[PDB]
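Q: Part one of the assembly, not moved from where it sits:
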Amino acid sequence: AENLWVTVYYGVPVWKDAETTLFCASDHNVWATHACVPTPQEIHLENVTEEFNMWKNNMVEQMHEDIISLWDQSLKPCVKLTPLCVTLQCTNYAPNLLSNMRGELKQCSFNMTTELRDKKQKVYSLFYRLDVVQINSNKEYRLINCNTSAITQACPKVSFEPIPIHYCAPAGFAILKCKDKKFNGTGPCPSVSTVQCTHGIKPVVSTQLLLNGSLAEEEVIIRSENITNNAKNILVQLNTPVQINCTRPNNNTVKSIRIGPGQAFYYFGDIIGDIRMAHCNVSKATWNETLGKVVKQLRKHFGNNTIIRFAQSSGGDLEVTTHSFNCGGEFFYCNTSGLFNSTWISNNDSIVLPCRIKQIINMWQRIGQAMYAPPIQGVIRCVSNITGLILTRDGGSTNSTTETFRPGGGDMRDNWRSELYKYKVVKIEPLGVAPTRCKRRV
Amino acid sequence: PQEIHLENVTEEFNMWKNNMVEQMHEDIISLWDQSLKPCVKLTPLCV
C-alpha cells in the first residue's frame, strides 16, 4: 500500500496555451457572409484563476488578415477601369459663389471608347477637388492615383453595412471568457466561463473614434499597457453613449455609359437644389459632461493637481488627422478640431463640424491598387453611438505640470482590441498521469 | 458491374424530388465554362 504505483487517466480537465485557426458563425450581398456555417449555451465556471493578456492575443492577428483577403476577393470580378486615365479638360463648376464651398466641385470633360472600337464618345461629369491634380482658357487635370496604381470600380449592387459575425473554434479547443466588471489589461480574472463561440462582432472601420460599439459597466475605464511610457496608445471606454447626426444634404443624379463590350461605368451627374456642405452635429452639454467624467478617471495616475489640456491632431495624412468613416456607402472626412479644446484645473445648442468627401481611396495602405466608389442618388442620413476614444500623450521636461493629450490612433488593429479583449483561445489535452495504490493483475 | 441482388425488401422511391439531379446539373455548367478559360478572348471584333 505504501509502494505507490502509477496510473493514467483519460479525459482530465486540463489545458495549455496554443493558437490555431478559426472560422465563421453567422445568421443582396455584403463583403463577408456569402457562404459559411449558421449558428449561446455557455457554461459557468468557478474558483479558477487565469492570467489573461490582451495586446499579445493571436486572435487579433488572424482576423486582421482575414478581413483584407475578404475585402480583396469581393472586388476581383468587377470592372477593370484602365482606359479612364486620359487628359481632362476641366474648369470650376458653380462660379461667382460666395459661400464656403467654392474650391470643390470642378466640372470636367473627357473622351471614352464605346462598344464599337472605332467610335468614340464625349461626356460631361463632375469631380471633387481632392482627386484631380493639374499637370504642366481651362487647365488640364488628371486623376490623383494613376501614376502609381491601376484603379478599379466596385460593383454597384453590393453594399458595405456591417453584419454581426461570430468567430468559432474547431473541435479540440475552447474559448475562455473573463466575466469581471472592472478589469484592466493584464491581470488574473477570478470569474471565467467557457463559451463555444462568441457574441456578435461588428467590423466597423474608423479612425480617432469608435462607432456602433459595445458599452461598459457603470464607470468609464481607461486601458493601456504602461501609462508611464508615452509611446503606446490609450484605450478608453464609455458607459453612456453620446449621439451624433451626420448628413450630406444636396440632391444627386447618376448617369450611365458603356465603355466596352458588356462593361458598365457610373459617374456623378449634377446638382438639383442648393449647394451645401456636409456636416456633423453633436449635443454640446453631454459631450462636456463626458469629458469631465473621463478626466476624473484619468487623475488617478498623476496626483491630484496637474494641469490637463486637450489639443488638436499633429500631422500625417488625411486618414488620421481628421475623423473618417463610412455612412451608408459614401466616405467621410470630418475635421473634429472642435472637440479637443480647453484645459482643466482642479477648482441646448449643438456643435457643428465641417466635413469633406473623397472618392478615390487606398485603404489598408497597399501599393499598386486603389478602388473607386460610385455616387448615391438621394440624400444620406446616419445616427450612431460614440463608445470609446483613442488618446495619446506627449513628452516634456522633468519639471512639468501640463500633460497634454492628442487624439491619435490610425493603426486599424486597435479597433478590434476594444472588442475582443475578453476572450482567449486554449487547447484541451485529455491525458494525465497521477499515482495511487492500484496494481494490475498478472 | 458487380451488382448484388436483394429479396423481400420494398422501398418507396420518389423521382421528381431526387437530389442526384440537383448536383449533376451544377457539375455540367461548372465543367462547361471551365473549358473556355484558356481559349482566346474575342474582344476586338465588335467593329
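A: Received it, and whenever you're ready, just let me know what you need. Residues are numbered from 1 along each chain as shown, chains lettered A, B, ... in the order given.
Q: Walking through the stretch 51-200 of chain A, point out its strands one by one.
A: Applying DSSP state E, counting those that start in this stretch to the stretch 51-200 of chain A gives strands spanning A:88-92, A:106-113, A:120-127, A:132-134, A:139-143, A:150-153, A:173-178, A:186-189, A:192-195.
Q: mind putting those strands in CSV, distance to residue B:19 and mean neighbour count included?
A: Just so you know, the C-beta spots here come from the backbone N, C-alpha and C atoms, and that holds for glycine as well. Conversion of the strands of the stretch 51-200 of chain A to CSV gives the following (distance: least, CB to CB, whole Å; neighbours: other CB atoms under 10 Å in any protein chain shown):
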stretch, distance to residue B:19, mean neighbour count
strand A:88-92, 57, 17
strand A:106-113, 48, 16
strand A:120-127, 50, 14
strand A:132-134, 56, 14
strand A:139-143, 52, 16
strand A:150-153, 39, 18
strand A:173-178, 33, 18
strand A:186-189, 49, 14
strand A:192-195, 35, 17
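Q: Output those in a markdown table, with distance to chain B appended to each entry.
A: Converted to a markdown table, the strands of the stretch 51-200 of chain A look like this (distance: least, CB to the nearest CB, whole Å):
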| stretch | distance to chain B |
| --- | --- |
| strand A:88-92 | 26 |
| strand A:106-113 | 11 |
| strand A:120-127 | 14 |
| strand A:132-134 | 30 |
| strand A:139-143 | 24 |
| strand A:150-153 | 18 |
| strand A:173-178 | 33 |
| strand A:186-189 | 49 |
| strand A:192-195 | 35 |
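Q: Chain C comes next; put it on the structure above:
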Amino acid sequence: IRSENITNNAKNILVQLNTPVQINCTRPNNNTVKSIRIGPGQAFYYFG
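A: Below, chain C sits with the chains from the block before:
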C-alpha cells in the same frame, strides 16, 4: 562511368569527377540601365 548499356549507343553516358577543376567566366562591360512607365502602374526596364 555510369550508363545503362555500353554496347548500345542510344543512351547517354554520365561520368563523375573527384578533383574539381575550376572555371572562370565574366563579362566586362558596364551597362547603365534606364526606366520607362508603360501603362497605369506598370513598369518596364530596358538596356541603356
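Q: Around chain C, pick out the residues from chain A.
A: Residues of chain A lying close to chain C by CB under 8 Å from any CB of the partner chain are A:82, A:85, A:146, A:147, A:148, A:149, A:150, A:151, A:368.
Q: May I have the residues that are in contact with the fifth one?
A: For residue A:148, the set of contacting residues under the criterion of CB atoms under 8 Å, 6 or more residues apart in numbering or on different chains consists of A:367, A:368, C:41.
Q: try 6 Å
A: Contact analysis of residue A:148 by CB atoms under 6 Å, 6 or more residues apart in numbering or on different chains lists residue C:41.
Q: Quick check: phi and psi at it.
A: phi -130, psi -40 (degrees, to the nearest 10).
Q: re earlier: of all the residues of chain A next to chain C, which two lie farthest apart?
A: A:85 and A:368 (15.1 Å; CB to CB).
Q: Those two: which is more packed in?
A: The neighbour comparison of residue A:85 against residue A:368 (other CB atoms under 10 Å in any protein chain shown) goes to residue A:85, with 18 against 10.
Q: Now do the residue located most distally from the centre of chain A against chain C, distance only.
A: Taking CA atoms, centre = their mean, the residue of chain A most remote from its mean C-alpha position is residue A:442, at 67.3 Å. Distance, residue A:442 to chain C, by CB to the nearest CB, to the nearest Å: 61 Å.
Q: include chain D too:
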Amino acid sequence: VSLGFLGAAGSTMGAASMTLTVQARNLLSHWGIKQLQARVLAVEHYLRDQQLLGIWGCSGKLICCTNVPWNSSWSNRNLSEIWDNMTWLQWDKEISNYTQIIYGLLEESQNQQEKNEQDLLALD
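A: With chain D added, the chains above now look like this:
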C-alpha cells in the same frame, strides 16, 4: 447532476474523477481550405493520444492500472495531500519535467515484459 463541459475544473481530483466522460464525448464534435485545415487537425490529435493509450496495454478502459513504482524522488507528497485539496492544474506543474521519462519506461518495459509470458504459458 452533470455540471457540463469542464465543470469540475476547479474541484478536487477525487471529485473530478467521478465525472470523466463528459470531457471525452465533446472531443470529436478557397475558403473551404480553412474548413478542412481545421477539420483534419482535430483528427490526428485524437488519433495520437488514442494510439499512445493503446500501446500501454489498456486501450479499452479509462482508469488503467500498471505495475511501475512511483519512485518519490520525482515528487514527494502523501496520499492525503494530493487527493483532497489541490486540483489538476496545480498537479500539472511538478510532473511536467518527468513526462518523457514516465512515457518511456511505462511503454518500453511493461508490455514487452507482459507478452513474453502468455507466449510461454500458452506454449504449455
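Q: again for the contacts of residue A:148, since chain D is there now?
A: Taking CB under 6 Å, 6+ apart, one finds residue C:41 in contact with residue A:148.
Q: Repeat that for residue D:68.
A: Contacts for residue D:68 (CB under 6 Å, 6+ apart) come out as A:5, A:6, D:106.
Q: how does it look with 7 Å?
A: A:5, A:6, D:105, D:106, D:110 (CB atoms under 7 Å, 6 or more residues apart in numbering or on different chains).
Q: Find the helix or strand that residue D:46 is a member of.
A: Taking DSSP states H and E as the criterion, residue D:46 maps to helix D:34-54.
Q: Is that helix positioned near chain A?
A: Yes - using CB under 7 Å from any CB of the partner chain, helix D:34-54 reaches chain A at D:34, D:35, D:37, D:38, D:39, D:41, D:42, D:45, D:49, D:53.
Q: Redo the contacts of residue D:68 as TSV? Include neighbour count.
A: Shown next, in TSV, are the contacts of residue D:68 (neighbours: other CB atoms under 10 Å in any protein chain shown):
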residue	neighbour count
A:5	16
A:6	21
D:105	11
D:106	18
D:110	16
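Q: Just flag the most distant two among these.
A: Most distant of the contacts of residue D:68, by CB to CB, are A:5 and D:105, 12.7 Å apart.
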